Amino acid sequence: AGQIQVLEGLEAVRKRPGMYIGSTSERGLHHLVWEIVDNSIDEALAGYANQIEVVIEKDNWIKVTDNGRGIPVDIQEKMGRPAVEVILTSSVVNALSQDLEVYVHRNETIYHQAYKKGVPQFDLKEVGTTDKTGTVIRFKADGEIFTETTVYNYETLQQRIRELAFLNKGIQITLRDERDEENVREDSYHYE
């Protein structure tokens, strides 16, 4: 029933995306970034993170990295699935992305899963080791949903990132545009 309810949720979000994120215009595209960054900010507010990095990657992928606890990976009695899988298969960003990848650094281990339109492409796997904790989410917005544009505006991202750092003092939040490898721009904000 659990995994059935997952698939139905994905279908629901992709049928009426504007009901979930306000619009499928440039505004809604940027809302994807906010949803992910908001979750990292909660982890800092909980006492466990203090650095968030947003990278606009080649072809308008977005990568958001935080140094929090890592999304948990323990198998849920609820779903029989890893917690991270449950969390990400119920995410609007994941549903509205053509592709999305997660790397969790936790338990001295790096765990990876990938998704398309919210559907896991393989079971969560151990890919490496680590001495850090945190979460990396990389996604590519689905152009079948975002029919006007899938191109981010640096100044839009910058203005809100600066506002978020000012509002949440002590969190370092960095924005980097890597879309043109010959001119990489970075702005980093850290209030008191």
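Note that residue numbering begins at 1 and tracks the sequence as displayed.
Engineer: 164-172 versus 15-23: which one carries the higher mean Cα B factor per the record?
Structural biologist: According to the PDB entry, the answer is 15-23.
Engineer: Could you settle it for me: does 2-10 or 182-190 have the higher average Cα B factor in the PDB entry?
Structural biologist: Mean CA B-factor is higher for 2-10.
Engineer: When you compare the CA B-factors of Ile52, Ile137, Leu29, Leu45 as listed in the entry, which one comes out on top?
Structural biologist: Answer, based on the entry's C-alpha B-factors: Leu45.
Engineer: Sorting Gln76, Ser97, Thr109, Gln113 by Cα temperature factor from the record, which one lands on top?
Structural biologist: Reading the PDB entry, the winner on C-alpha B-factor is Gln76.
Engineer: Using the B-factor values recorded in the entry, state whether the Cα atom of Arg69 falls in the lowest, middle or highest third among the modelled residues of its chain.
Structural biologist: According to the entry, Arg69 has a C-alpha B-factor in the chain's middle third.
Engineer: Lowest, middle or highest third: where is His105 by Cα B-factor in its chain?
Structural biologist: Lowest third - that is where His105 ends up once the chain's C-alpha B-factors are sorted.
Engineer: Thinking about Cα B factors across the chain, which third does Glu35 belong to?
Structural biologist: Middle third of the chain for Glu35's C-alpha B-factor.
Engineer: Could you look up the Cα B-factor of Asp59 in the entry and say which third of the chain it sits in: lowest, middle or highest?
Structural biologist: According to the entry, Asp59 has a C-alpha B-factor in the chain's highest third.
Engineer: By its CA B factor, does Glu148 count among the lowest, middle or highest third of the modelled residues in the chain?
Structural biologist: Its C-alpha B-factor, which the entry lists for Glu148, ranks in the middle third among residues of this chain.
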